[PDB]
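Here's the structure, in C-alpha cells; my notes come after.
Every residue, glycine among them, receives a Cβ derived from its backbone with ideal geometry; neighbour counts consider all protein chains shown. The numbers here are math on the coordinates, done by the rules we state, and not lab data.
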Amino acid sequence: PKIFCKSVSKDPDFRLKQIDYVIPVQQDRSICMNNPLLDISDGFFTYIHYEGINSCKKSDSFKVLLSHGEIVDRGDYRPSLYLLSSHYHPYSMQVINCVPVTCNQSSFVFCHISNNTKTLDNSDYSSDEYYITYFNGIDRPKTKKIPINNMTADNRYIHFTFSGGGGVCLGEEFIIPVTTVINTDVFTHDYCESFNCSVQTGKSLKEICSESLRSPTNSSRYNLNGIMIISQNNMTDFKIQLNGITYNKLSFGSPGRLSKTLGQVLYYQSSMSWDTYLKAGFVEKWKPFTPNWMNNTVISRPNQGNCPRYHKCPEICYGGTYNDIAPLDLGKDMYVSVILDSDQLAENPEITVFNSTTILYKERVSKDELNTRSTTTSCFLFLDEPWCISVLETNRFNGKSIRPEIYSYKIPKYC
Amino acid sequence: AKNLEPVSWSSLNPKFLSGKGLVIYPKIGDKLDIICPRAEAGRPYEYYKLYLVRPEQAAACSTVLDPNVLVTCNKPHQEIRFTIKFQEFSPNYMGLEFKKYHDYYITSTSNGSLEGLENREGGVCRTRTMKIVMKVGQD
Ligand SMILES: *[C@@H]1O[C@H](CO)[C@@H](O[C@@H]2O[C@H](CO)[C@@H](O[C@@H]3O[C@H](CO)[C@@H](O)[C@H](O)[C@@H]3O)[C@H](O)[C@H]2NC(C)=O)[C@H](O)[C@H]1NC(C)=O
Ligand SMILES: *[C@@H]1O[C@H](CO)[C@@H](O[C@@H]2O[C@H](CO)[C@@H](O)[C@H](O)[C@H]2NC(C)=O)[C@H](O)[C@H]1NC(C)=O
Ligand SMILES: *[C@H]1O[C@H](CO)[C@@H](O[C@@H]2O[C@H](CO)[C@@H](O)[C@H](O)[C@H]2NC(C)=O)[C@H](O)[C@H]1NC(C)=O
Ligand SMILES: *[C@@H]1O[C@H](CO)[C@@H](O)[C@H](O)[C@H]1NC(C)=O
Ligand SMILES: *[C@@H]1O[C@H](CO)[C@@H](O)[C@H](O)[C@H]1NC(C)=O
Ligand SMILES: *[C@H]1O[C@H](CO)[C@@H](O)[C@H](O)[C@H]1NC(C)=O
C-alpha cells in the first residue's frame, strides 16, 4: 500500500476538480437527465444515464444513453476522462433497467426490457426480454438477446431485473447485480430477529421481519437480491445461472453493485429498509453468493418517515438513497463514499473517508445547498496514487436543466 | 427559503377544515414537517398510515389503487416525523418529485385504531376530512 492519509484529519486536500465535458447537455431544459451509472475498469469506463421528459423516473425515460471511454493522462498531474463512443439504446423506450460493466477494454450494458412498465408487479420474467448491448471506441454497437429460457435458477423465481451500479467480469464469465421476485416466503431472518427493539404493537417480531421483504406494491411478492452469472463464447454459446444472495443478514431487495478492487470483489447493497447503516462486504463465497458483511456503525443514508438516518431497528418501511462506496486500503479497512449528510432530505453530498468505526475525514462537495440522490464512486491507481471519480445525481438549478455531475479527487498523502 | 409551521397529524387538529381539508401554498426549497403525536395523558393514541394519492383518490377517499405510503404511526411511545423539502429528488421509494405549479395530495384511510390501521377505503379522510393539499408556486 502506497503513502496517503490513513488516520483522522481536518480540512484535507482532495484536489477536487469537476468534469463537465463528458455528459451531454440538452438544448431542451425540460428534459431530465437522471439515474447516472458508471463502471471503470482497466483504464476504460462505461457511463449510462436516463433522459426523460419532465420526469426523473427511469421507467418514464424515453431514451437512455450509453457511452464508452478511456482514462488518460494529459500531463495535467491528474486522471482525465476521454469519451470514445456514444449511442442511445435501441429499445430505450421499453427499458426497465440497465447495468454497466467494463471488460477487456469494451463496454457492456445488461438490460431488462418490457412492454409493461409495472412488469415487476404483474408479470413474470418469461414475458419480458433481456439484452446485452456492447461496443467499443472504433466499432458499432451490437445488442444480443440473452436466452433466458435456458437458465438454471438456484431457487424458483418468478421474475428478475438487472439492478445496480455496475457488474464485473471475471475470466470468461460476467456477474451482474440483480433483484429477483419469488411469490412464497422461503426466507429465514435470524439477524433481524436478533434485535431487542420497540415494535409495532399487535405484531410479532418474526412477523414484522418476514413482512419486510414483501414488495410495497404487490404484497404477495418478495424481492430478494442476487446475482446473475453469464458464461459466454463470442456471444453465441451461453450458460446462465441465477443465484440469490446469502440469507445471512437479508434486506429488502434493492439496487446494489459488484466491483473488483484491491484483488477482491466488493459487494454493496443500498439500504432501502429498516436497517439504515451501510450494507457492504467482500465476496468470500460465490455459491451461494456470500458477502462478508461489514459491521458499520457510522456510515448511513437519509430517508423520510419511520426509517431515517442511523435507524437500526426492525420495521416494515421502504426508501432511502443509493450512495455506493469503494475500498481504499484493506489494512486500515478504509472506504470512500459520496454520502448525503441529512436525516431525511436528500441533499448535501460529502466525500467521506471512513473505517468501520469512525469517519476519518470528509469534505462537502458543494458549499451551497445541493440536491442529490444517487451517488456512485469508483477508485483507481494513477501515477501510483489513489484517485477517485464520483458521479452524482443532482438537481442544481431548481428543477430545470437536471443533469448529473462528475468529479475527480485524490486521496490526501498527508494528514 | 422558509421552514413552514409543522403540521401535527391527529383527529384533534383544527388546521383541517371539514370541507377544504388543509391547504398551503409552499414555495420550492421550503422545508415542512408532518408529525405523529405520541399518546398524551388521558387521550387514546391514534394509529394511522399516511398515503400520497392522486386527486381522483382524494375525492373518492380510497388509497387502494397505488400505495405510496410515507409514514405509518404505529409507535405510540416515541414520536416519529416526516420532513419535506419541496425540491425534486426526495429519497422516496416510489419516487417523488416536487415541481412548480403542481398539486400534491396526502391523506389517510385508517380507522384511527390499531385494528383499522390498514383500511384502504374511506376512513378519517371521509369523516374529519384529514388531508393535505399542496399547490406549489401558487399565491
Ligand atoms: C477506525 O479508525 C480509527 C482511526 O482514527 C481508529 O481509531 C484510532 O485507533 C488508534 C490505534 O489503533 C488510536 O491511536 C492511539 O492514540 C492514543 C491517544 O489518544 C494513544 O494513547 C495510543 O497509544 C494510540 O497510539 C487512536 O486514538 C484512535 N482514534 C480515536 C479517535 O480514538 C480505530 O482503531 C479504527 N477501528 C477499526 C476497527 O479499524
Ligand atoms: C401480485 O402478484 C401475484 C403473484 O405473482 C400475481 O398473481 C398471479 O397472476 C398471474 C397472472 O398475472 C396468474 O397467472 C397467477 O395465477 C397469479 N398467482 C397468484 C398466486 O395469485 C398478481 O397478478 C399480482 N397482483 C397485482 C395487483 O399486482
Ligand atoms: C374499523 O374498521 C375495521 C374493519 O372494517 C374494524 O375491524 C373489524 O370490526 C368488525 C365490526 O366492527 C369486527 O366484526 C371484526 O372482527 C373487526 N376486525 C378486526 C381485525 O378487528 C374496526 O373495529 C373498526 N374500528 C373503528 C374504531 O372504527
Ligand atoms: C475479455 O473478455 C472476454 C469476454 O467477452 C473473455 O472471454 C476474455 O477472456 C477476456 N480477455 C482476457 C485477456 O481475459
Ligand atoms: C461483522 O461481524 C460478524 C460477526 O460479528 C463477522 O462475521 C464479520 O466478519 C464482521 N464484519 C467484518 C467486516 O469483519
Ligand atoms: C412488446 O414487446 C415484445 C417483446 O418484449 C415484442 O415481442 C412485441 O412485439 C411488442 N409489442 C409491441 C411493441 O406492440
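Structure notes:
- Fully extended contour minus Cα-Cα distance, from A:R29 to A:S356, at 0.36 nm per residue: 113.5 nm
- The slack in the chain from A:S9 to A:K118, taken as 0.36 nm per residue of separation less the alpha-carbon distance, amounts to 34.5 nm.
- For chain B, the relative contact order is 33 percent, taking Cα pairs closer than 8 Å that sit 6 or more residues apart in sequence and dividing their mean separation by the residue count.
- For the stretch A:1-108: rounded, prolate or oblate by the Cα gyration tensor [a/c cutoff 1.5]: prolate
- A:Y191 versus B:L12: modelled label distance in nm, points set 7 Å from Cα along the beta carbon direction: 4.0 nm
- Across A:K279/B:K75; A:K6/A:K260; A:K118/A:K312; A:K63/A:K145; A:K413/B:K31; A:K279/A:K332, pairs whose alpha-carbon gap is larger than 28 Å: A:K118/A:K312; A:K413/B:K31
- FRET E, pair B:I28, A:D139, Förster distance 35 Å, beta-carbon r, rounded to 0.05: 0.20
- Once the C-beta distance of A:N155 and B:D139 is scaled by a Förster radius of 41 Å, the resulting FRET efficiency is 0.15 to the nearest 0.05.
- Given 10 as the ceiling on other Cβ atoms within 10 Å, longest exposed-site-free region of chain A for trypsin sites (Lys or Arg not before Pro) in DSSP loops: A:157-366
- Taking the centroid of alpha carbons for each part, the stretch B:4-37 and the stretch A:202-237 are 37 Å apart.
- Model label sites at A:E211 and B:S113, defined 7 Å from Cα along the beta-carbon direction, differ in position by 1.8 nm.
- Overall form of the stretch A:211-343 per C-alpha gyration tensor (a/c, 1.5; a/b vs b/c): oblate
- Between B:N3 and A:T236, the C-beta separation translates, for a Förster distance of 51 Å, into a calculated FRET efficiency of about 0.25.
- Selection from B:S110, B:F16, B:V69 lying farthest towards where the dipole of chain B points positive, charges on Cβ: B:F16
- Centroid-to-centroid, using Cα positions, the stretch A:254-291 and the stretch A:312-357 are 13 Å apart.
- In terms of Cα atoms, the Rg and Dmax of chain A work out to 20.4, 66 Å.
- Residues in the stretch B:30-44 reached by a label modelled at B:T127 [backbone nitrogen below 19 Å; 7 Å Cα→Cβ]: B:36-40, B:42-44
- The order of B:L4, B:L70, B:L96, going from fewest to most other C-beta atoms within 10 Å of their C-beta, is B:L4, B:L96, B:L70.
- Rounded to the nearest 20, the size of the Cβ-charge dipole of the protein assembly as shown about its Cα centre is 760 debye, with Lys and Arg at +1 and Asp and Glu at -1.
- Net +/- balance of residues flanking B:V133 in space, Cβ distance below 9 Å, scoring K and R +1, D and E -1: +2
- Based on the Stokes-Einstein relation at 10 °C and a viscosity of 1.306 mPa s, and on the Kirkwood radius from alpha carbon pairs, the stretch B:15-139 is assigned a translational diffusion coefficient of 105 µm²/s.
- Residues A:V22, A:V99, A:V186, arranged from fewest to most other Cβ atoms within 10 angstrom of their Cβ, appear as A:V186, A:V22, A:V99.
- Likely footprinting exposure, B:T129, A:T117, B:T109, A:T358, fewest C-beta neighbours within 10 Å first: A:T358, A:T117, B:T129, B:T109
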